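Chains as they are written, first to last, in the entry's author numbering: chain ZZ, 42 to 219; chain NN, 2 to 113; chain 77, 223 to 401; chain JJ, 81 to 268; chain YY, 55 to 100; chain EE, 56 to 180, 236 to 287; chain CC, 17 to 171, 193 to 369, 403 to 508. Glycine included, every Cβ here is placed at the ideal spot set by N, Cα and C. What follows is one structure encoded as structure tokens, with my remarks underneath.
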Amino acid sequence: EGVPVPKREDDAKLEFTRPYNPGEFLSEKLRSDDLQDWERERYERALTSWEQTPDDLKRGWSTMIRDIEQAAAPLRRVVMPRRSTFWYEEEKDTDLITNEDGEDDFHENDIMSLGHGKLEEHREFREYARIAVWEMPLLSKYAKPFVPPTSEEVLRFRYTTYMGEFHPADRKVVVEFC
Amino acid sequence: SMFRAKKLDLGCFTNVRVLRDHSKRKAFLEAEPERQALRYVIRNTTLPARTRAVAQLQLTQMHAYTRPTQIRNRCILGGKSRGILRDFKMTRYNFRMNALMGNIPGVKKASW
Amino acid sequence: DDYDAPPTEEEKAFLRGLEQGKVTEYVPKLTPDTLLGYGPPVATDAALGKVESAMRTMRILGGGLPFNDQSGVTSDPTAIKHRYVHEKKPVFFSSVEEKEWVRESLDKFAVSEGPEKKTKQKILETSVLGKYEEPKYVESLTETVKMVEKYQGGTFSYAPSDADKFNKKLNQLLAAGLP
Amino acid sequence: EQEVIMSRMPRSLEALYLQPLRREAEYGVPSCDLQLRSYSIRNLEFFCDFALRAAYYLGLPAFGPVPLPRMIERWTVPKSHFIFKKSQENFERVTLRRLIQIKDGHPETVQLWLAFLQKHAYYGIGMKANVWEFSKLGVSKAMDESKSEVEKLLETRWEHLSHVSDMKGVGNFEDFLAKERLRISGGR
Amino acid sequence: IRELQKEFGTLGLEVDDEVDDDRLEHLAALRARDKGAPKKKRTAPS
Amino acid sequence: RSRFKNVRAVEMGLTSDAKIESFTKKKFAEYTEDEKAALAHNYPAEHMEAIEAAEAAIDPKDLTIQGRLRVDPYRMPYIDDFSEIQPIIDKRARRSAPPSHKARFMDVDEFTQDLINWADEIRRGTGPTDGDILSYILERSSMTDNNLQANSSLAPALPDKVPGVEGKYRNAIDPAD
Amino acid sequence: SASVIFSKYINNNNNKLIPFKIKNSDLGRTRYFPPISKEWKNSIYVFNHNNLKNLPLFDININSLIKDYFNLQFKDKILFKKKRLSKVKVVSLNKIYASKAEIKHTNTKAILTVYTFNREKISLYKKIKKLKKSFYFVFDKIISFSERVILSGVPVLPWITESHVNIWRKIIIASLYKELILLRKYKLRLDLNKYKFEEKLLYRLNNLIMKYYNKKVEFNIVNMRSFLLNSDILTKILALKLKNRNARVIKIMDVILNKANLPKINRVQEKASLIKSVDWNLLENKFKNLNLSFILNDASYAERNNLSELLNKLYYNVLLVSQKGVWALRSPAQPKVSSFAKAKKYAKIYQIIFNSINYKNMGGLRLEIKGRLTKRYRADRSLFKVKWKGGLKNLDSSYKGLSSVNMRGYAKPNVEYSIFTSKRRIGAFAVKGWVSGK
RNA sequence: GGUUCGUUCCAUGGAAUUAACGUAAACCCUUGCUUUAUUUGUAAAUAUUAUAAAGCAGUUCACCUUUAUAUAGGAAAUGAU
Ligand SMILES: [K+]
Ligand SMILES: [K+]
Ligand SMILES: [Mg+2]
Ligand SMILES: [Mg+2]
Ligand SMILES: [Mg+2]
Ligand SMILES: [Mg+2]
């Protein structure tokens with residue numbers, strides 16, 4: 042209540058602060074801090090297995106994760122905005138900052154918004170042309186011929202429809218006879 | 002004030018008098034049949050004189066918000082009461098500005 | 223030095239497929255069932271016009287939305303559960319697929335197969351059979367109550383609840399103006 | 081496994097490049113009057129040709145599109161919100177409309193035609209149809225006998241609606257429809 | 055916007071309210087230079 | 056009483072119905088047995104049903120008595136069967152399944168498992239190819255929706271060189287500067 | 017017999033017979049009819065106008081939802097990003113810009129069109145693409161290698198259950214946590230940017246907009262390659278740039294105009310009129326008698342009986358391998407498409423379609439800034455700057471003399487006008503922008 | 001310096017070449033004509049009022065006069081239209 046204060050309590054803790062290799066990781070979990078006993082046999086069986094592996098493989102594992110860090114290096118590298126920049130002049134999210142070269146070049150692969158209105162109109166004409174060539178002919182399979190009314194059908198009713206709208210005048214019925 | 006909802010229920014331009022006129026529209030909706038009954042008993046000369054006089058008094062005691070004559074359209078964009086067009090719920094000016102930008106469907110500058 | 227290599231030809235061919243699109247299939251399908259729900263709700267002798275007036279009534283009970291069986295199957299599950307449980311009002315589905323999607327979205331939410339027998343009769347009673355309450359002919363002008371019911375019955379402007387408010391006040395006035 | 085030289089193309093595709101065909105009415109008794117309206121002319125004229133092609137496959141002899149008189153509204157408003165009054169300008173809203181009248185059309189077949197147009201309606205167009213039909217005396221008994229017929233057609237359609245047992249939010253059924261219809265139409 | 059934020063807030067998405075965030079920014083500026091609103095009085099003047 | 060005139064039929068020598076039948080059968084002959092098989096072999100079942108119903112509905116006599124060439128401003132500027140949906144000139148298709156309402160963005164655990172699953176699919180189908243990695247960044251779903259490919263409401267893109275727009279521009283920026 | 021009520025509608029037959037008259041006058045080509053959705057924001061007609069009076073107000077509410085919808089961002093705690101708190105409010109230019117919505121109304125649904133310039137994707141796609149292939153190549157080995165030592169004895194099986202896979206997975210995460218959270222960041226931010234245009238997140242926005250029109254809304258999102266092709270997106274970007282106190286007004290306008298590329302033109306040929314001469318290639322003039330009973334009756338060509346042979350001479354047919362040749366078919403789950411859909415070549419159709427569209431190229435650009443834009447915190451006077459490049463003329467009518475179709479009775483069909491209002495710490499200002507097409 | 005309703009057009013200048021806006025063009029109603037459509041309008045009808053979509057039309061042709069030979073103008077109920 043009262044004068045609002047900033048909500049300084051906003052953060053997410055990392056599950057791991059530094060890279061734990063298979064040996065160290067399994068050791069920490071097996072220390073029986075918070076874990077079920079019936080699962081420790083799984084971790085314990087995994088630890089002993091890892092220890093039984095040759096030494097060179099363990100060394101290969103270390104090199105197998107160092108190169109990944111080298112592959113991810115250019116992804117986390119912060120890029121400096123161009124001296125005379127237009128998009129990143131005030132961008133404080135360093136993740137989106139790029140070289141900016143050629144990002145505004147026109148490759149002759151788009152028209153104005155006024156043209157898209159005419160292009161979308163054509164996509165609609167092809168939609169009705171597709172209906173009129175393949176779906177319309179099927180209407181003839183369910184059509185019934187017209188039979189003139191007999192001597193007993195003496196009333197001629199009229200009904201109104203607004204084709205999906207609610208109008209107060211669609212309730213009236215008109216009849217006419219001689 | 003008793004007819005003003007404790008929780009605002011207006012999505013248009015809100016104003017001191019827009020809330021006032023919205024409350025009158027809701028009050029008249031709830032008491033139009035009750036009001037039509039009184040207006041019928043009064044004008045029915047076939048009823049006893051006392052019956053017509055009782056209804057004539059009760060119609061005078063109904064709150065002012067229940068009278069339909071107190072309902073006056075307002076601009077849903079500016080909240081004015083002068084120069085309102087029923088077909089658009091806006092002043093003659095806001096109708097012009099929205100008509101030229103293309104926000105009122107079907108309307109166009111006339112010339113003949 | 224840091225340079226971004228140009229988009230490879232393989233990359234361009236892959237992006238164009240996602241942006242421009244691909245040649246997909248189109249299967250024509252049109253029967254009186256794919257058109258049912260869009261028809262005119264007219265009280266004709268043709269059963270098709272009567273089935274549409276019944277479908278129209280079910281859409282008024284289920285919220286009043288139009289019959290749209292061609293814009294997807296999604297909806298607002300939270301709003302439907304509230305209307306179906308807390309408000310206890312019917313819900314209209316434009317297709318069975320739309321009904322199954324609501325089950326999957328919500329957890330432990332059941333919906334009836336169809337309306338109850340009573341609800342079926344009420345829909346056909348008025349919107350199909352057209353059973354009304356014939357306004358009787360009142361001869362004497364002093365029959366205030368009977369004459370009011372006559373006019374109320376011959377106009378849809380006075381809903382059943384509107385006529386109740388009118389009659390409640392009228393009976394009060396007629397009672398106060400007597401010995 | 082040989083190649084055949086098609087002498088022509090399917091008539092469904094050829095008819096798309098000819099003017100809409102029309103059936104001939106033997107009697108000429110109007111069975112439906114479809115009036116189409118819009119604030120533009122380009123989408124109204126396009127959909128009227130589409131509506132005539134559907135009437136041909138259904139065997140409905142259509143007539144039109146008849147150009148009905150234009151509905152012109154007029155408003156003169158001051159160009160300035162404040163005092164300036166000697167300067168006003170005229171506005172209008174012209175409604176362009178057409179009429180397609182079908183004659184000697186079967187009642188059911190006319191309803192498939194209308195059902196088809198609503199499903200494939202073009203944006204920006206409003207439609208209104210008046211349907212006619214001949215019937216015998218004794219309408220009261222006719223509508224009571226057709227109850228069992230309509231029930232069978234709805235056996236598979238009741239699935240669209242679903243409500244909790246003894247729906248209480250509805251209350252008075254008739255009063256619910258009357259009031260819920262006003263809320264859908266916006267007041268009337 | 056509030057119902058827009060509550061709708062996508064379940065997915066962990068956020069969006070600022072430029073209208074409200076600006077209103078609050080203005081009020082904070084007034085209180086900074088001693089121009090805010092006085093303390094609401096809840097009793098009659100006496 | 057007819058609906059049209061005969062002035063345009065008598066000029067061509069079709070005053071008698073006997074001659075109208077000859078003109079129809081000569082100009083608007085129906086598909087032969089050989090052309091129906093060939094036509095039915097290329098189109099699927101559903102399409103052939105629309106072609107059969109079309110030639111049964113549209114009779115050749117109407118084409119000869121009232122068949123006129125279309126010169127409207129709404130006619131199609133080219134011939135095409137419109138059987139399938141094309142990439143650019145047609146509205147994007149919507150054939151995918153609806154989204155999941157309970158789906159959420161993957162966390163570190165769920166994200167790692169999916170990344171492992173992707174490694175197995177491309178491996179069970236050297237290492238991942240550039241085409242596979244490119245599909246992982248633009249098609250692989252990062253929500254707990256069983257790798258769903260929802261319907262995109264994005265309008266279809268235009269050709270890489272729009273006719274009428276290409277060949278008219280020259281980038282002023284010179285990479286030498 | 018028949019009924020009397022029926023006979024009373026047969027006799028009312030005084031119709032005019034369709035004469036099939038032969039044209040004897042020369043016809044010109046019809047004007048270019050611009051799309052209907054570009055005259056009014058809401059393309060609608062309804063017989064009950066209660067569904068028509070609130071649209072102007074809803075347009076404001078809808079545009080607000082769409083603007084804020086495209087600005088959605090993850091919470092710093094979801095991506096594990098360390099938020100750099102600060103009092104100042106940062107202006108974000110690298111997001112998805114959106115224009116005003118155009119809605120096509122039917123009695124069944126509404127199609128909401130909105131042009132967007134996705135600037136965030138340009139950054140995310142390039143940034144994530146820097147991760148070289150060795151990452152995914154090496155990561156695959158860790159999977160296979162890990163299975164040889166952890167889930168197997170020392171050098193799919195029925196003795197490997199999920200209970201062991203969990204431990205087997207945590208080992209990988211524990212060793213590559215700093216790398217997975219990195220890839221997860223760009224992967225999620227890119228997918229969020231992607232789902233905003235797909236049904237995964239649009240079905241929620243539909244539920245919010247559907248409450249205004251009472252109809253399911255279908256979105257038609259058009260991605261603009263350049264922010265200069267739409268005026269709404271232009272005045273928005275220029276306004277965000279000017280909102281900063283230290284913004285150089287005149288310099289920012291010059292940088293935008295420099296980005297605008299106009300096509301080469303011959304001033305003498307563009308401003309040259311057109312002499313009205315009968316175009317005998319028009320289908321209206323080529324056949325003055327449109328009845329097939331006359332065209333196909335051996336009029337000019339020798340035995341062109343087949344109506345198709347006639348059509349193939351007039352239109353461009355895709356079904357044919359040779360444009361004026363023959364349609365040869367082949368005579369003796404998978405998708406249901408014709409056996410020749412793959413051979414169809416839509417190379418000349420793209421020319422037919424896109425050449426029949428006007429106002430494609432950017433013709434002119436005009437910017438105007440007006441209001442309180444000084445740098446000092448005092449009561450100075452309003453500024454007003456104007457810049458332009460090209461022209462806003464309708465060349466088809468002002469020079470060639472052709473007839474155009476003005477929008478809303480007074481507006482040129484080739485220009486887009488948009489205004490965006492903002493405010494500095496000292497007052498309010500506006501940014502007007504015109505964009506014309508050739 | 002002429003000319004034009006007009007910074008319109010022509011010629012010319014020991015300094016000009018071009019751009020934008022206004023102007024002009026185009027647009028809306030109206031006039032004649034062509035095609036399309038025929039109900040809820042039309043006496044009948046072999047289709048002519050009305051209704052309304054598209055297209056064409058003028059200072060166009062004829063006559064007279066005509067500068068610097070470059071750009072034109074006049075005549076107005078008794079040439080055509
Ligand atoms: K009633
Ligand atoms: K006329
Ligand atoms: Mg103070
Ligand atoms: Mg000069
Ligand atoms: Mg002018
Ligand atoms: Mg008539």
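Does the CB of residue i have a neighbour CB from chain CC at under 8 Å?
{"i": "residue 90 (chain YY)", "result": "no"}
{"i": "residue 78 (chain YY)", "result": "no"}
{"i": "residue 168 (chain JJ)", "result": "no"}
Quick one: what does DSSP say residue i is sitting in, helix, strand or coil?
{"i": "residue 455 (chain CC)", "result": "strand"}
{"i": "residue 84 (chain CC)", "result": "helix"}
{"i": "residue 188 (chain JJ)", "result": "helix"}
{"i": "residue 360 (chain CC)", "result": "coil"}
{"i": "residue 133 (chain EE)", "result": "coil"}
{"i": "residue 267 (chain EE)", "result": "coil"}
{"i": "residue 148 (chain ZZ)", "result": "coil"}
{"i": "residue 13 (chain NN)", "result": "coil"}
{"i": "residue 88 (chain JJ)", "result": "coil"}
{"i": "residue 238 (chain 77)", "result": "helix"}
{"i": "residue 210 (chain JJ)", "result": "strand"}
{"i": "residue 86 (chain NN)", "result": "strand"}
Thinking C-beta only, is residue j closer than 8 Å to residue i?
{"i": "residue 47 (chain NN)", "j": "residue 395 (chain 77)", "result": "no"}
{"i": "residue 107 (chain NN)", "j": "residue 107 (chain JJ)", "result": "no"}
{"i": "residue 85 (chain EE)", "j": "residue 110 (chain EE)", "result": "yes"}
{"i": "residue 263 (chain EE)", "j": "residue 136 (chain CC)", "result": "no"}
If you measure from the beta carbon of residue i to each beta carbon in chain ZZ, is any gap under 8 Å?
{"i": "residue 492 (chain CC)", "result": "no"}
{"i": "residue 232 (chain JJ)", "result": "no"}
Verify the CB distance criterion: does residue i have a CB-CB separation below 8 Å to chain 77?
{"i": "residue 202 (chain ZZ)", "result": "yes"}
Please check the pair residue i and residue j, which I expect to be a contact at CB under 8 Å, by giving their CB distance rounded to whole angstroms.
{"i": "residue 442 (chain CC)", "j": "residue 452 (chain CC)", "result": "6 Å"}
{"i": "residue 175 (chain ZZ)", "j": "residue 250 (chain 77)", "result": "4 Å"}
{"i": "residue 328 (chain 77)", "j": "residue 303 (chain 77)", "result": "6 Å"}
Counting contacts by CB-CB distance shorter than 8 Å, is residue i in contact with chain YY?
{"i": "residue 306 (chain CC)", "result": "no"}
Let me see if you follow: with CB-CB separation under 8 Å, is residue i close to chain EE or not?
{"i": "residue 129 (chain JJ)", "result": "yes"}
Does any residue of chain JJ bring its CB to less than 8 Å from the CB of residue i?
{"i": "residue 87 (chain NN)", "result": "no"}
Discussion item. Which residues of the stretch 121-142 of chain CC have a Cβ closer than 8 Å to any Cβ of chain 77? Give them in chain order.
Written reply: 123, 124, 125, 142
Worksheet entry | Contact set between the stretch 83-106 of chain JJ and chain CC, restricted to residues whose Cβ is under 7 Å from the partner | 83, 84, 85, 86, 87, 88, 89, 94, 97
Worksheet item: Any residues in the stretch 415-448 of chain CC with a beta carbon nearer than 9 Å to a beta carbon of chain EE? Which ones, in chain order?
Response: 416, 418, 419, 420, 421, 422, 423, 424, 425, 426, 427, 430, 431
Item to complete: Could you please tell me which residues of the stretch 119-134 of chain EE, in chain order, have their CB closer than 9 Å to any CB of chain JJ?
Response: 121, 122, 123, 124, 125, 126, 127, 128, 129, 130, 131, 134
Item to complete: Pull out every residue of the stretch 372-387 of chain 77 whose Cβ sits closer than 7 Å to any Cβ of chain NN, in chain order.
Response: 384, 387
Worksheet item: Name the residues in the stretch 256-288 of chain 77 whose C-beta lies less than 9 Å from a C-beta of chain CC; which are they?
Response: 260, 285, 286, 287, 288
Practice prompt. Kindly provide the chain-ordered list of residues whose Cβ lies closer than 6 Å to any non-hydrogen atom of ligand 7.
Written response: With respect to small molecules bound, the structure shown includes ligand 1, ligand 2, ligand 3, ligand 4, ligand 5 and ligand 6 and not ligand 7.
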